[PDB]
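In the structure tokens that follow, a single protein chain appears in two forms: structure 1, then structure 2.
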Structure 1
């Protein structure tokens, strides 16, 4: 019962403006609620509504306290508008960016108890998604949103994560495959939920160091450093405990070796 009439939403301040998406605040009159709208130019992102069908459907079905509330979606001219809850506390990345700008980071960005609190809620959000056979695909500090009540939710499940990570290449998208290399098999099959576990590990480093391990390198070098070398760590301070052990479990090259969200939801760190 969320309106798909464009004239029921009063567009207000633009929150974000990137190449793929603009995030704009809007007042929805029938629901008397100030909401967030992610506007996506379909032609610019080389995509279509038919291509995003099952993504939108998954967004319509996956609801959890630790996932940003999705309301509805509709087409306005050449854009798809995704209507969701506006979270007034901002992103965890915003907090990280504030600590660095203040110069309160050269001994660690977020406290270990602060990291444990945020990541547990993120992991419970992922646990729900994985239970429903879904993958988030774009876990990062920028996609962890905070409510003014202190709640922690993952943003960008569905369409947004889909367009940021190669499109329809997961398990949700031969012959005699006995001679196929493992990487060929993975392309036929599609990658699984364990991709989220790796991204979670990088996010853990991000909350502590203030950045992803290879942040300074161009995209192609980041990809080459990740594939040619052993998995990264905090070193690339006041952390050395189960936190590093927890990170090393996530950051394993073989996705099979990585733990599930539920198995990870244990561990002494949390």
Structure 2
């Protein structure tokens, strides 16, 4: 260990691409000084409608958040018109890959992951989120696809900071309507608690509730309906027999429209459901 991570681009040999969007590439790289194969997220600032002045607070937050249930951020530096984020390489895939695999094998009759694997994975997610919240931070993009698995059996939340920020859009009132009030006050960590309840639905049913709808209809479907439950998007109600009352109550505590009514991650760690974590 000893020293700080190199901000010299030439200290990193680019290797196999892991994933490739528009326009961010997650590529494996070897860092000789550290003798470690790492993952580099390469974000073209131009293409994301962003800049280094916009992203500074986000990078400062990533430099400060260090916990075993958060993918280690090592360092970041600009390479020409790209921001590079150097992080720990997790070789176990995401929880979403495991979901896609169970579904593709047709093993999802009666449910996708059983109640005790969900308790186990999401307990680790709640420990990471509780740490971020205590630190005055918000993840913003909690989902199965951002829960990464280490070869050591560790569960780590990915994309805290710049990635999540870019994924979620970047950045007396006596007469003022509630929806104006809502945007005036902004939002807080309790937003993660809602996304956490959606993520529980996704691990049980394989998909988020309104997954069948285009992006702008999901916004409306969500706001013009009662909060979703396991039953909202599921293929068949038969898939919901692996799941009992304490899981459903856990989910429904998360999924309240009023953020103040949602429990904190620490209170959730205490829920009856999380006693099933083996």
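Residue numbers count along the first chain shown, from 1. In this text, rigid core is short for the largest set of C-alphas that superpose within 1.5 Å between two forms.
Student: Superposing on the core, which single option in 183, 104, 78, 148 has a CA shift of 2 Å or more between structure 1 and structure 2?
Tutor: Among the listed residues, the outlier is 183.
Student: For residue 20, what C-alpha shift in Å results between structure 1 and structure 2 following superposition on the rigid core?
Tutor: Between its two positions, the C-alpha of residue 20 lies 3.5 Å apart after core fitting.
Student: Once both forms share the same rigid core frame, by what distance in Å has the CA of residue 130 shifted between structure 1 and structure 2?
Tutor: Value for residue 130 between structure 1 and structure 2: 0.4 Å of C-alpha shift.
Student: Can you give me the Cα shift for residue 216 between structure 1 and structure 2? Core-superposed, in angstrom, one decimal please.
Tutor: In the core superposition between structure 1 and structure 2, the C-alpha of residue 216 moves 1.2 Å.
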